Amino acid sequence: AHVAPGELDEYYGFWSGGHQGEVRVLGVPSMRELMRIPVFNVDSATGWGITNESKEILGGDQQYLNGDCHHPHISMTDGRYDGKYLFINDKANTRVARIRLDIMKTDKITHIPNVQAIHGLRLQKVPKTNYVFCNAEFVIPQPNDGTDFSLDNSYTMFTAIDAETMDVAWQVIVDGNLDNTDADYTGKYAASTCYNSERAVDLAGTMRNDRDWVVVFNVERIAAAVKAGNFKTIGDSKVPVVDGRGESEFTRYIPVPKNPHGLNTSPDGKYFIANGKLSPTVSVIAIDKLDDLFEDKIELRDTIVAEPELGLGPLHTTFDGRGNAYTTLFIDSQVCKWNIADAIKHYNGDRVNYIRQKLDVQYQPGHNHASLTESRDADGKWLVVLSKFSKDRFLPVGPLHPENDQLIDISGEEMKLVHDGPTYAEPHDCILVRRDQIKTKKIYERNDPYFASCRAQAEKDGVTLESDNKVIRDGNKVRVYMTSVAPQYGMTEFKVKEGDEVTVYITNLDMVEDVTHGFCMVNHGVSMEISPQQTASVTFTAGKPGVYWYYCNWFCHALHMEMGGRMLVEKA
């Protein structure tokens, strides 16, 4: 449970940042934050959102200073984590990101078309992560062009992204809406919860139906229809769209009470578990019955093998790989341990006890996550419970309180609280991976894709980034290329005109690990990271005439304070 100085954590944890927009890398079981990976936020330090390279990745037709990331998931090969990529949603500005786990940096951002608010996200497990599966939460008109605002004619879609290219593969129109999603251990099926079968905005409307549903997607049938050309398109997007509304070959709508929320696949591949939320239950769907259901051989509700009452406000379920499930009860403010097989007996009227233990948590739990739960190798060691209120649990810090991520030992029969982890607004889910499932680089190589655009521009200017310190004049544009070797930039002054569009490229020629440099231009609103063997750039408009200093903002050497230069801006 404890990590001494000089000792390493046993697992990485990748935490969502919620509306703060980043991913946080923790060591488990120390629960210490090792790194922040900027995604949808703008990072003053590394310049994510400021650098040209990050801006290229972000794309889009407007700058967004925010995002809302909930659901981080790591790429799999044959149902085991492979450590290549992390993917996460953006509910705020309707995007999905991919993070490269070799350098812990975002490398792709995709805008999802003709939907709003990407919420649920999880990955194909088997045969490997070929698809990223994405829910859009909020129904909108199709197309959304202002000619018809009616809810009556508003819909959402389920989206599959090609994991390797990050281009959207296809979308499925559904009835109702989409909340959370998971995938099976064959590649054939994915499934999502719906809380708004009513397609309402008002609170009473969203709660009218006694049951909403889990919608199950026959990914095999969908992919085949898309391959055959049996699809349509919406609006300005060329993405293939198939229609899963009503009675469709692509979907099954299994009724589940009530405004259900989490959707979690058991690590033995047997079950999708929908969390009942307004219903004090979960609903256990037998994946091995879905083939029969897609042939209309059984009823929709025949796939339900258990629907146990657990307590008030079930939100999310996770697994120890020993046959138990752990479910957050938001209103009762507990985590409930229960046995799946015993709940199945109870549903059948063989009235065994199925609840093993309720542990109070502090306070109001959202997601929970057991170590390796999303893989075949679910190890039953650690359980993280991510609670949304902290009240009195930490020192007072004003009206805005931290969240509380609690680490619980589930290695034995009895859940035991070990650590209370204050966290800034606002983690949703997290994912734990063994140390040995991640392989990182300690320095860049000069062909790295993270500065492909810099190499391409340098070639146009005949600049050798590893060697040159040059000022290139291009009309109202100026490109400044500098090398850096601690504690010196290879250029200590340059001159431009007021209003010039200045781009500064810095290449870090240091080879020693951890010798990162920075670059900041005083009063010009720019900063960037340049780690060993990286190139990075920033663009800014030169301000009113005068001297402006630049300096290294990454303490790098005893002579760091002296690592700088001057930009001289002349009257045009």
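From 1 onward, residues are counted along the sequence shown.
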TODO: Determine, for stretches 187 to 195 and 294 to 302, which one has the higher mean CA B-factor as deposited.
DONE: 294 to 302
- [ ] Could you check which stretch, 402 to 410 or 67 to 75, carries the larger mean CA temperature factor in the entry?
- [x] 402 to 410
Task: Residue of maximum C-alpha B factor among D243, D152, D90, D175, per deposited coordinates - done: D152
Task: Selection from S30, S527, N41, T507 [criterion: highest C-alpha temperature factor in the record] - done: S30
Open item on the list: When the deposited Cα B-factors of this chain's modelled residues are ordered and cut into thirds, is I438 in the lowest, the middle or the highest one?
Closed with: highest
Task: Third of chain Cα B-factors occupied by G120 - done: lowest
TODO: Taking the values exactly as deposited, rank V239 by C-alpha B-factor within its chain and report the matching third: lowest, middle or highest.
DONE: lowest
- [ ] Relative to the other modelled residues of the same chain, rank the CA B-factor of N447 and answer lowest, middle or highest third.
- [x] highest
TODO: Just say lowest, middle or highest third for the CA B-factor of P427 relative to the other modelled residues in its chain.
DONE: middle
